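Engineer: Generate coordinates for the sequence data below:
(one chain, ligands or ions: 2)
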Amino acid sequence: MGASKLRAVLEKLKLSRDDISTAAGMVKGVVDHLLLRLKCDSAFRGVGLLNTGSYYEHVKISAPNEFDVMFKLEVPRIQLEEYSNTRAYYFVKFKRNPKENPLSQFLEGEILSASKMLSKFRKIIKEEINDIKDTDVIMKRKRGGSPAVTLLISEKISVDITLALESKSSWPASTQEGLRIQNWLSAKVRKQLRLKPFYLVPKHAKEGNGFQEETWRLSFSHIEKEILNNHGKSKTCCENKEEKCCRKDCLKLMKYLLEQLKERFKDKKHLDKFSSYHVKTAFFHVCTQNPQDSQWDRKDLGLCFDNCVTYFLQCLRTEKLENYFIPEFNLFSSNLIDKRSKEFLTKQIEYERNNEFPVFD
Ligand SMILES: c1ccc(-c2ncccn2)nc1
Ligand SMILES: [Zn+2]
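Structural biologist: Numbering: from 1, shown residues only. Ligands and ions are numbered 1, 2, ... in the order given. Sure, the structure comes next:
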């Protein structure tokens, strides 16, 4: 494509940081008061803020009125029960025998109910947003699954609040062959990263005709954040002029491509199933394929970008996009996304690439 064109796109994209940060401030305030009022309840005592997502990864673009926050909650001594070889969805039981468990009320049998937890969560949040008349914050009717609550700050800002269980235990076995960063960020880093906790968000699993509503999906957004904000083989990568790479620029460009394409065909349902996480996952795989900083030279911004696109396209055609942490978990399976959508997105991206990306202007 050429470096300078994409770079112009990146300038135009860079112009929104001030506004996005300004809204992020208000979000921060509201969420702060919320968490302050949430820790009162015995069930959500050890609840806290989890600073992950596009904003904290410094890759959020062109959506200042939309934010996603995650609330983490420490669940000690838990036992995970894998659902139907899905490798990613789990039942949360408790290995702890005493009734000292603060989540006993949400225990539907030996298994911890996600429905009860989410219900109490939404209830407490509703009461606490009703309690405050200082700021103009209102909840929203239930729609999505993983985004538990949806808030509206003033009558402009929109915040998606997600709840996540935190486990300081060692990661599930399905993550064993994942996080292939050995040749990129070193085995040492992979080793110390796996010593960090893992998270679980309430997400129902698709069987085909019905959905299991009492399951939890693995989450490693903190690991994604760490990797993105420390992305080079060199520790001083992007800390001086001679060591400037174009990884994050490529990620931004991909995210922007998908956003613009989703916007152009928004009156249909073809691209509704695709999200930024797909793009990010593909990006991480490309990073694994090209572990050297010299393969991400600034002047090569064009080629690199194409690389990403190319790989993404491949994932579309072969209907295979492995989760970066859970290899046997396929984000692009026919169960999750139908062939027609993938072929449509392939068609569009290929057109764009064949005509110097007119969607970038
Ligand atoms: C954080 C954000 C999104 C996701 C996800 N999005 C779509 C399909 C599967 N996972 N996972 C983690
Ligand atoms: Zn770098």
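Engineer: Give me the phi and psi angles of residue 163.
Structural biologist: With angles defined as degrees, to the nearest 10, residue 163 sits at phi -100, psi 140.
Engineer: Quick one: neighbours of it, just the number.
Structural biologist: Number of residues near residue 163 (other C-beta atoms under 10 Å) recorded here: 25. From N, CA and C alone the C-beta is placed, and that goes for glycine too.
Engineer: Make residue 1 into 17 and carry on from there
Structural biologist: Understood, numbering begins at 17; the last thing we discussed is residue 179.
Engineer: Isn't it up against residue 137?
Structural biologist: Yes: the criterion here is C-beta atoms under 8 Å, and residue 179 meets it with residue 137 at 5.5 Å.
Engineer: Common neighbours of those two, please.
Structural biologist: Any residue near both residue 179 and residue 137 by C-beta atoms under 8 Å, 6 or more residues apart in numbering counts here, and that gives residue 164.
Engineer: Close to ligand 1: what parts of the stretch 267-377 of the chain are there?
Structural biologist: Applying C-beta under 6 Å from any ligand atom, one finds that the stretch 267-377 of the chain approaches ligand 1 through 291, 293, 347.
Engineer: Just the helices from the stretch 67-216 of the chain, written as ranges.
Structural biologist: All helices of the stretch 67-216 of the chain, identified by DSSP state H, counting those that start in this stretch, fall at 130-147, 203-209.
Engineer: Make a markdown table out of the ones you listed and add distance to ligand 2 and mean neighbour count.
Structural biologist: What follows is the helices of the stretch 67-216 of the chain, written out as a markdown table (distance: least, C-beta to the ion, whole Å; neighbours: other C-beta atoms under 10 Å):
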| stretch | distance to ligand 2 | mean neighbour count |
| --- | --- | --- |
| helix 130-147 | 38 | 17 |
| helix 203-209 | 15 | 13 |
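Engineer: Residue 50: helix or strand, and which one exactly?
Structural biologist: Counting by DSSP states H and E, the element that carries residue 50 is helix 33-54.
Engineer: Please identify the buried residues of the helix or strand following that helix?
Structural biologist: Per DSSP H and E, helix 33-54 leads on to strand 63-66 as the next helix or strand towards the C-terminus. Buried residues in strand 63-66, counting neighbours by 16 or more other C-beta atoms under 10 Å, are found at 63, 66.
Engineer: Over to stretch 225-233?
Structural biologist: Applying 16+ other C-beta under 10 Å to stretch 225-233 flags 228, 230, 231, 232, 233 as buried.
Engineer: For the first one, which non-adjacent residue is spatially closest?
Structural biologist: Right, residue 228. In this structure, residue 228 finds its nearest non-sequential neighbour in residue 221, 4.9 Å apart by C-beta to C-beta, 6 or more residues apart in numbering.
Engineer: so who does the residue in the stretch 17-166 of the chain that ligand 2 sits nearest to touch?
Structural biologist: Taking C-beta to the ion, ligand 2 has its nearest neighbour within the stretch 17-166 of the chain at residue 74, 11.9 Å off. The contact partners of residue 74, by C-beta under 8 Å, 6+ apart, come to 244, 245, 264.
Engineer: Out of those residues, which comes closest to ligand 2?
Structural biologist: For the contacts of residue 74, the nearest to ligand 2 is residue 264 (7.1 Å; C-beta to the ion).
Engineer: Can you say which helix or strand has that closest one in it?
Structural biologist: Under DSSP H and E, the secondary-structure element containing residue 264 is helix 263-280.
Engineer: before we move on, the earlier item: just put the helices of the stretch 67-216 of the chain in TSV and tack on distance to residue 86.
Structural biologist: Shown next, in TSV, are those (distance: least, C-beta to C-beta, whole Å):
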stretch	distance to residue 86
helix 130-147	12
helix 203-209	18
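Engineer: could I get those helices as a markdown table with distance to ligand 1?
Structural biologist: Output for the helices of the stretch 67-216 of the chain, formatted as a markdown table (distance: least, C-beta to the nearest ligand atom, whole Å):
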| stretch | distance to ligand 1 |
| --- | --- |
| helix 130-147 | 16 |
| helix 203-209 | 16 |
